[PDB]
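Below: the structure, in structure tokens.
Here is the naming used below: chain letters follow the sequence lines, and residue numbers restart at 1 for every chain. Quick note: numbers below take in every heavy atom, side chains included, and nothing from hydrogens, waters or symmetry partners.
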Amino acid sequence: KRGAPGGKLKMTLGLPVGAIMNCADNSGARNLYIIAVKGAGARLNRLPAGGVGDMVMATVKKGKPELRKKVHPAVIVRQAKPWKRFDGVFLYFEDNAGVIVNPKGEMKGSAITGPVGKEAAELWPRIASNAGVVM
Amino acid sequence: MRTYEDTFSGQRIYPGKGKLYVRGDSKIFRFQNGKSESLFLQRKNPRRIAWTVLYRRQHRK
Amino acid sequence: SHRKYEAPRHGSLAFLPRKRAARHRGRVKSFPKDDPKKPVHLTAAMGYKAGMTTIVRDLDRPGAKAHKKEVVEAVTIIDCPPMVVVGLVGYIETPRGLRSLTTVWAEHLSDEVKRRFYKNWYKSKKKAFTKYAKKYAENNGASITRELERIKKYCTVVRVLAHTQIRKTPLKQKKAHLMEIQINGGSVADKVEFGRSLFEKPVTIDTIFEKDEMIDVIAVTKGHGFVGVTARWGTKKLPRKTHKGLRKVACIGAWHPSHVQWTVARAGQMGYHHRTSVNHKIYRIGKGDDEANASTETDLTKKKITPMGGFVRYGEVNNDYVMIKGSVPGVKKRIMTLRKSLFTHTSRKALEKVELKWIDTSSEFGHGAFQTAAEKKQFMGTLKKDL
RNA sequence: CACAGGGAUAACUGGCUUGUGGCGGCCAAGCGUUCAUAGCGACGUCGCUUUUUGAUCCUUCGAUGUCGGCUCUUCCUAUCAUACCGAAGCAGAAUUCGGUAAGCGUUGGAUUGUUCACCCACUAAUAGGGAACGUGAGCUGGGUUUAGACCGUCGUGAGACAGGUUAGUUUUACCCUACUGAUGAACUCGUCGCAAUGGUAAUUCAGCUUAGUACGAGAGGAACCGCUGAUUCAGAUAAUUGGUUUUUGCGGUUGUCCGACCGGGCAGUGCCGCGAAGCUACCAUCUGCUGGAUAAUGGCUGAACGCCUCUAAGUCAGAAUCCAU
RNA sequence: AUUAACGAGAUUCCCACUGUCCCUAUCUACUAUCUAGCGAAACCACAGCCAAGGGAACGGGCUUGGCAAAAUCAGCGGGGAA
RNA sequence: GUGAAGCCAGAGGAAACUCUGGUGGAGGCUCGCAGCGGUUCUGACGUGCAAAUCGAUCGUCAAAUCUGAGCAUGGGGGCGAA
Ligand SMILES: [K+]
Ligand SMILES: [K+]
Ligand SMILES: [K+]
Ligand SMILES: [K+]
Ligand SMILES: [K+]
Ligand SMILES: [K+]
Ligand SMILES: [K+]
Ligand SMILES: [K+]
Ligand SMILES: [K+]
Ligand SMILES: [K+]
Ligand SMILES: [K+]
Ligand SMILES: [K+]
Ligand SMILES: [K+]
Ligand SMILES: [K+]
Ligand SMILES: [K+]
Ligand SMILES: [K+]
Ligand SMILES: [K+]
Ligand SMILES: [K+]
Ligand SMILES: [K+]
Ligand SMILES: [K+]
Ligand SMILES: [K+]
Ligand SMILES: [K+]
Ligand SMILES: [K+]
Ligand SMILES: [K+]
Ligand SMILES: [K+]
Ligand SMILES: [K+]
Ligand SMILES: [K+]
Ligand SMILES: [K+]
Ligand SMILES: [K+]
Ligand SMILES: [K+]
Ligand SMILES: [K+]
Ligand SMILES: [K+]
Ligand SMILES: [K+]
Ligand SMILES: [K+]
Ligand SMILES: [Mg+2]
Ligand SMILES: [Mg+2]
Ligand SMILES: [Mg+2]
Ligand SMILES: [Mg+2]
Ligand SMILES: [Mg+2]
Ligand SMILES: [Mg+2]
Ligand SMILES: [Mg+2]
Ligand SMILES: [Mg+2]
Ligand SMILES: [Mg+2]
Ligand SMILES: [Mg+2]
Ligand SMILES: [Mg+2]
Ligand SMILES: [Mg+2]
Ligand SMILES: [Mg+2]
Ligand SMILES: [Mg+2]
Ligand SMILES: [Mg+2]
Ligand SMILES: [Mg+2]
Ligand SMILES: [Mg+2]
Ligand SMILES: [Mg+2]
Ligand SMILES: [Mg+2]
Ligand SMILES: [Mg+2]
Ligand SMILES: [Mg+2]
Ligand SMILES: [Mg+2]
Ligand SMILES: [Mg+2]
Ligand SMILES: [Mg+2]
Ligand SMILES: [Mg+2]
Ligand SMILES: [Mg+2]
Ligand SMILES: [Mg+2]
Ligand SMILES: [Mg+2]
Ligand SMILES: [Mg+2]
Ligand SMILES: [Mg+2]
Ligand SMILES: [Mg+2]
Ligand SMILES: [Mg+2]
Ligand SMILES: [Mg+2]
Ligand SMILES: [Mg+2]
Ligand SMILES: [Mg+2]
Ligand SMILES: [Mg+2]
Ligand SMILES: [Mg+2]
Ligand SMILES: [Mg+2]
């Protein structure tokens with residue numbers, strides 16, 4: 001089945017196609033480069049975009065030569081664009097970052113550096129186990 | 001339902017106002033308006049800004 | 001040849017004549033259908049728009065993600081002093097539609113209503129209903145009771161005439177607003193008995209509506225002037241190097257239909273249209289004589305609904321008010337019309353009972369930080385002004 | 001490079017034709033494990049269309065601006081997806097053939113001036129076409145197609161090439177109609193109403209449960225009701241967050257001028273930080289109804305035709321369709 | 001055939017940068033707009049609402065239908081094969 | 001701004017000679033103001049202020065640089081870094 005989380009609520013999306021974010025696990029990659037979003041619809045001239053907690057297709061531009069020149073799934077864990085939840089509080093992080101996964105949802109690495117947003121932890125249980133400070 | 005206190009100036013925060021900031025080292029900051037946030041990001045010291053709680057309690061006013 | 005790629009059209013053709021509305025006061029084009037097995041009651045009211053604020057409550061919706069958690073929502077406040085009933089009208093069915101055949105007024109009318117029938121009241125002789133009033137003192141008002149009997153015999157739809165008491169608001173206007181309100185209930189004889197017993201008496205909004213009810217709001221929207229296509233319809237801007245303007249539509253039709261058609265977007269007037277927005281839930285009906293009409297069970301502060309410093313470009317809400325979830329068309333100070341619902345609700349989102357926990361009353365003239373004047377003084381201490 | 005002319009005559013639209021291109025039928029040797037027709041159709045043969053290209057030269061040479069893209073509206077059905085159905089060499093799952101149906105959609109990119117094409121990726125799907133091969137007093141000017149210049153082949157030469165390359169001015173609306181909005185004479189001046197006619201609006205997906213159930217030796221593997229969200233579209237609104245700053249509102253600071261302090265002028269808003277009000281953003285929040293008559297198809301009673309038959313008289317249900325609210 | 005330095009000469013990639021774009025919003029001055037004064041030109045057979053038909057094979061006027069109510073202001077770029 | 005020949009002082013080596021610090025002020029050298037010119041916006045205007053102008057951005061700037069007056073060459077002739 002196509003990989004996009006079920007039951008996600010509406011939130012501001014801060015990362016369109018063509019953005020480079022940081023890598024936040026120990027797989028050997030340094031940065032990720034977004035080429036698609038796993039739930040986008042159709043509309044003339046509209047770039048697909050994603051937020052914290054949804055799957056993305058990306059390539060690595062700096063890292064081990066065994067991971068370059070390839071297309072991997074990934075999940076966004078923190079973004080620099082302010083957004084709010086149903087409790088009415090606007091929050092934002094200091095950078096944009098994501099981790100590498102497989103289509104089933106298991107993380108390729110084993111450790112996560114830095115804090116993660118609550119949406120990513122709630123939707124992907126595998127990322128929750130390796131997380132430290134949440135939100 | 002509870003209130004919070006501004007990290008830079010000590011002003012009271014009611015639900016829905018201000019913003020929350022999470023820095024790269026997992027430290028949490030809360031602000032009530034845009035004046036506090038701008039001065040914090042400019043790296044001013046709250047003990048040298050005359051209208052803050054920290055300044056007032058230090059000078060015993 | 002065909003257009004290269006597909007895309008939906010900009011705008012809707014259902015609200016098509018983008019002209020200024022004919023009348024400033026909103027117009028009720030339909031009423032809920034009558035049931036003769038229910039007690040007699042009114043179906044509409046009117047008020048004035050004050051502003052918006054914020055509330056906090058905990059949600060009740062099994063299966064949802066925010067179930068049994070607190071949420072933040074925006075609301076709208078309507079200032080609603082009572083109305084005065086002045087008369088009633090009757091209607092009959094014809095092969096050409098409904099038409100009115102009689103209307104009978106009350107003996108005494110206030111200067112608020114009489115101003116509605118004039119355009120220079122300050123220099124008139126003010127004789128609007130002087131000769132009609134004498135009909136009550138002749139033959140024990142047999143002419144008045146004759147018209148009432150006619151309505152009982154021929155009419156099948158009965159409506160009432162009512163006007164606002166605009167002197168109880170902070171507005172500069174002295175001329176009241178008048179409308180017709182249909183009576184739904186048991187029998188035509190019952191409708192006349194109920195309607196006439198309300199002659200020149202005040203009616204409060206809490207007898208018409210109630211809490212946890214879905215209603216509709218009718219008004220005229222905010223007005224802008226002459227507006228181009230980009231903002232009026234939402235068309236894509238043209239490139240940066242376009243000669244002779246770039247806020248246009250490039251092609252306004254093919255060759256052979258040989259006329260500019262009615263489905264193309266063009267510059268004209270925007271705003272000040274008549275609208276009817278539906279399914280707005282009522283959260284609170286507050287009384288004007290209560291000194292704590294903005295207090296909840298978990299918040300025991302004694303305060304009223306007016307923010308610190310007052311609503312911007314409006315006064316203070318010293319009368320009864322209705323709190324509505326969301327937004328409604330119209331600017332502040334504008335007359336609102338409230339109508340009962342034409343729909344049936346079984347959605348479990350419209351059947352929810354709401355209990356409030358906190359209501360914001362800080363200043364909206366800036367980044368307000370305190371709920372009351374006492375709280376601000378306790379926080380700051382003593383100032384040079386206090387001596 | 002020039003003059004007198006020509007629509008007696010070519011290069012673009014339009015008109016007749018339809019060889020060629022595209023699409024649809026008839027017969028039944030044969031394929032299909034047996035079995036012409038579940039799905040196909042050899043030898044033959046009848047058509048339709050004007051989004052291919054030819055054939056002709058009727059209109060225009062005292063001029064109808066000649067490629068492609070961008071923007072925007074509407075129409076056709078020979079249906080890619082969505083609704084409800086018939087058939088199978090249809091156990092389930094996935095597929096294939098057919099009917100009513102144009103209401104609603106049909107995308108983000110690398111190279112190429114490209115029409116055409118070929119790849120990467122999302123999606124329910126990434127269907128085919130017309131409107132003077134729609135659209136230059138709407139844009140653009142990359143190509144082609146004036147004058148400058150280089151190369152290859154050709155020519156004794158001036159020069160040629162549907163061969164490659166580089167640089168090359170895109171004019172006018174104030175008139176009539178059409179369209180979008182805005183006033184208004186005549187029957188006293190006003191307030192409250194009715195409704196002929198015109199317009200019309202929503203759309204698709206996912207998660208949980210049903211359920212590891214029905215079916216199947218196994219491997220595998222559904223659906224109706226119910227609950228919660230999201231994509232595209234439409235109409236509003238400014239409590240909160242963000243943007244905007246001539247509030248020239250307060251503060252800081254450079255040069256020069258008013259003898260210094262105070263308080264000010266000039267540098268078309270000197271420059272910088274914060275900044276209310278107003279406007280505003282799927283960069284923010286709210287909201288989007290149910291009646292009737294039907295098509296395909298499946299049925300009831302029932303003759304013609306002593307049996308049979310959904311039909312001939314009569315009648316039931318019924319689609320994202322149609323007409324109304 | 002190579003070639004350091006030089007070039008408002010043609011071409012490909014990288015870092016920084018940005019409203020070129022997602023997707024559009026807001027502000028200032030001068031216009032346009034209204035008034036007093038002053039005051040032209042291009043163009044013009046006659047004119048100026050459509051659908052179909054036939055016709056020099058794309059009608060404003062002809063034939064059969066649809067329809068059709070004074071005098072007017074700001075814009076607009078379909079047609080007048082302007 | 002850069003810093004060529006010539007000149008002064010010190011140091012190394014058996015010699016032939018070599019190294020360091022100053023002085024000096026060359027070049028159809030270089031950044032850039034006035035003049036001279038005219039790359040791009042394919043900007044303004046395009047019945048213009050103007051029958052070639054206006055704005056911002058650009059090229060050169062001590063020599064094959066810019067410029068006044070007097071004089072010469074006259075139409076199948078002149079003049080031409082073409
Ligand atoms: K897509
Ligand atoms: K086209
Ligand atoms: K508030
Ligand atoms: K001719
Ligand atoms: K001719
Ligand atoms: K043919
Ligand atoms: K054709
Ligand atoms: K042809
Ligand atoms: K021809
Ligand atoms: K011609
Ligand atoms: K293109
Ligand atoms: K043409
Ligand atoms: K073109
Ligand atoms: K070229
Ligand atoms: K050039
Ligand atoms: K015109
Ligand atoms: K209709
Ligand atoms: K309707
Ligand atoms: K809007
Ligand atoms: K506001
Ligand atoms: K603001
Ligand atoms: K400023
Ligand atoms: K100043
Ligand atoms: K929005
Ligand atoms: K049937
Ligand atoms: K039926
Ligand atoms: K050059
Ligand atoms: K004008
Ligand atoms: K004038
Ligand atoms: K014709
Ligand atoms: K005739
Ligand atoms: K020198
Ligand atoms: K210069
Ligand atoms: K001569
Ligand atoms: Mg595009
Ligand atoms: Mg299409
Ligand atoms: Mg241009
Ligand atoms: Mg405010
Ligand atoms: Mg000629
Ligand atoms: Mg001819
Ligand atoms: Mg053929
Ligand atoms: Mg056989
Ligand atoms: Mg054949
Ligand atoms: Mg001609
Ligand atoms: Mg033309
Ligand atoms: Mg012409
Ligand atoms: Mg068909
Ligand atoms: Mg089909
Ligand atoms: Mg592109
Ligand atoms: Mg054609
Ligand atoms: Mg064309
Ligand atoms: Mg045109
Ligand atoms: Mg060119
Ligand atoms: Mg040439
Ligand atoms: Mg030549
Ligand atoms: Mg030769
Ligand atoms: Mg042109
Ligand atoms: Mg109608
Ligand atoms: Mg079993
Ligand atoms: Mg703000
Ligand atoms: Mg000064
Ligand atoms: Mg039978
Ligand atoms: Mg016609
Ligand atoms: Mg014809
Ligand atoms: Mg004509
Ligand atoms: Mg006629
Ligand atoms: Mg124009
Ligand atoms: Mg035209
Ligand atoms: Mg030089
Ligand atoms: Mg130089
Ligand atoms: Mg130009
Ligand atoms: Mg002009």
Side-chain angles (χ1 to χ4, degrees), chain A residues 1-14 37-41 49-55 75-79 81-92 105 116-129 131 134-135, chain B residues 1-2 4 14-17 19-20 22, chain C residues 52-76 210-216 277-284 296-299 323-328 341 343-360:
Chain A
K1 57 182 178 180
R2 309 188 162 123
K8 200 175 186 297
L9 291 179
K10 177 74 176 67
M11 55 169 286
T12 304
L13 312 175
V37 185
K38 271 279 183 176
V52 168
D54 48 19
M55 194 180 293
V75 171
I76 303 175
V77 293
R78 53 182 186 261
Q79 79 185 34
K81 179 68 184 67
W83 83 95
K84 84 169 186 61
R85 299 163 188 163
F86 58 82
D87 49 71
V89 182
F90 287 81
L91 73 161
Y92 67 109
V116 305
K118 182 188 298 179
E119 295 93 350
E122 292 180 323
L123 296 174
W124 312 95
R126 196 66 46 246
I127 302 183
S129 65
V134 170
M135 198 196 83
Chain B
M1 182 263 167
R2 56 158 299 184
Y4 293 87
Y14 277 97
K17 291 190 174 294
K19 33 183 49 193
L20 196 158
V22 183
Chain C
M52 307 183 68
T53 183
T54 316
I55 63 103
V56 165
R57 72 182 187 98
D58 47 351
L59 181 59
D60 181 12
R61 189 179 297 166
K65 192 138 300 182
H67 185 41
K68 314 196 80 58
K69 301 186 185 304
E70 290 184 340
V71 298
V72 168
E73 301 180 350
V75 298
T76 303
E210 64 185 12
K211 203 169 75 78
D212 303 325
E213 176 178 330
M214 308 283 284
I215 61 167
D216 309 332
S277 53
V278 304
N279 284 341
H280 299 310
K281 203 181 190 69
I282 289 182
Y283 278 178
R284 164 162 293 187
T296 72
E297 305 277 40
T298 73
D299 185 4
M323 175 186 293
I324 317 180
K325 172 196 200 299
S327 308
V328 302
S341 189
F343 301 161
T344 301
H345 309 274
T346 66
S347 167
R348 189 192 280 194
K349 176 179 173 292
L351 298 180
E352 179 192 357
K353 313 292 183 57
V354 165
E355 314 297 313
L356 299 186
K357 304 186 71 173
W358 174 72
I359 301 175
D360 184 12

Pairing residues for B:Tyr4 by the ring-ring contact (aromatic ring centres under 6.0 Å, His included) criterion, not counting sequence neighbours: none
Contacts of A:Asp54 that satisfy side-chain hydrogen bond (donor to acceptor under 3.5 Å, both in side chains) - sequence neighbours left out: none
Starting at NZ of C:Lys325, measure out to OH of C:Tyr283 and round the result to the nearest 0.5 Å. 5.0 Å
In Å and rounded to the nearest 0.5 Å, what is the CG to CD1 distance from C:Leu356 to C:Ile55? 5.0 Å
Please report the closest heavy-atom contact between A:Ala121 and A:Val134, naming both atoms and the distance. CB-CG1, 4.3 Å
Between the main-chain N or O of C:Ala350 and the side-chain N or O of C:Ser347, is there a donor-acceptor pair closer than 3.5 Å? no
Could you check whether A:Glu119 pairs with A:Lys8 (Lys NZ or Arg NE/NH1/NH2 to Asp/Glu carboxylate O, under 4.0 Å)? no
Scanning both residues in full, the closest heavy-atom pair of A:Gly50 with A:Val37 reads N-CG2, 4.1 Å
Taking the side chain as every heavy atom from C-beta outward, state whether A:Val75 and A:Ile127 have any pair of such atoms under 4.5 Å apart. yes
Taking all atoms of both residues into account, what is the closest heavy-atom pair of C:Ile215 and C:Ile324, and its distance? CD1-CD1, 4.4 Å
Between A:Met135 and A:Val116, is there a side-chain heavy-atom distance shorter than 4.5 Å? no
Going by salt bridge (charged side-chain N to carboxylate O under 4.0 Å, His left out), name the residues that satisfy it together with C:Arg61, two or more places apart in sequence or in a different chain. none
Using the side chain to side chain contact (heavy atoms under 4.5 Å, CB included) criterion, which residues pair with C:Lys211? Sequence neighbours excluded. C:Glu355
Any non-hydrogen side-chain atom of C:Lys69 less than 4.5 Å from a side-chain atom of A:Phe86? yes
Nearest 0.5 Å please: distance from the OG1 atom of C:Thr54 over to the NZ atom of B:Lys17. 7.0 Å
For C:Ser341, check side-chain hydrogen bond (donor to acceptor under 3.5 Å, both in side chains) against everything at least two apart and list the hits. C:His345
Mind checking side chain to side chain contact (heavy atoms under 4.5 Å, CB included) for B:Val22 and listing every partner two or more places apart, or none if nothing turns up? A:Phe93, A:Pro115, B:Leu20, B:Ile28
I'd like to know whether C:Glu73 forms a side-chain contact (heavy atoms from CB on, under 4.5 Å) with C:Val71, so could you lay out the CA-CA distance, the side-chain angles of the two residues, the decisive distance to 0.1 Å, and finally the verdict. CA-CA 7 Å; C:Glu73 301 180 350; C:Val71 298; 3.9 Å; yes
Pairwise distance CZ(A:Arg85) to NZ(C:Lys65) - rounded to 0.5 angstrom: 12.5 Å
Return the minimal non-hydrogen interatomic distance between B:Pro15 and C:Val56, and the atom names on each side. CB-CG2, 4.4 Å
C:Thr76 to C:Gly326 - nearest heavy-atom pair and separation: OG1-O, 2.6 Å
Which residues share a side chain to side chain contact (heavy atoms under 4.5 Å, CB included) with C:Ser327, sequence neighbours left out: C:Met52
With sequence neighbours excluded, what pairs up with C:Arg284 under the salt bridge (charged side-chain N to carboxylate O under 4.0 Å, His left out) test? none
Set of side chain to side chain contact (heavy atoms under 4.5 Å, CB included) partners for C:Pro62, sequence neighbours left out: C:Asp60, C:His67
In chain order, what residues pass the salt bridge (charged side-chain N to carboxylate O under 4.0 Å, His left out) check against A:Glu122, with sequence neighbours excluded? none
Could you check whether C:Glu352 pairs with C:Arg57 (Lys NZ or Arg NE/NH1/NH2 to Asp/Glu carboxylate O, under 4.0 Å)? yes
What pairs with C:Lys357 under salt bridge (charged side-chain N to carboxylate O under 4.0 Å, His left out), at least two apart in sequence or on another chain? C:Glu70
Minimum heavy-atom separation for C:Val72 and A:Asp87, please, with both atom names. CG2-O, 3.4 Å
Under the ring-ring contact (aromatic ring centres under 6.0 Å, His included) test, which residues partner C:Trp358, sequence neighbours left out? B:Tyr14
Determine yes or no for a side-chain-to-main-chain donor-acceptor pair under 3.5 angstrom, with A:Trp124 supplying the side chain and A:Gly53 the backbone. yes
Could you tell me the separation between the CG atom of A:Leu91 and the NZ atom of A:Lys84, rounded to the nearest 0.5 Å? 11.0 Å
Rounded to the nearest 0.5 Å, what's the gap from NZ on A:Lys81 to CE on A:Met11? Could you check? 9.5 Å
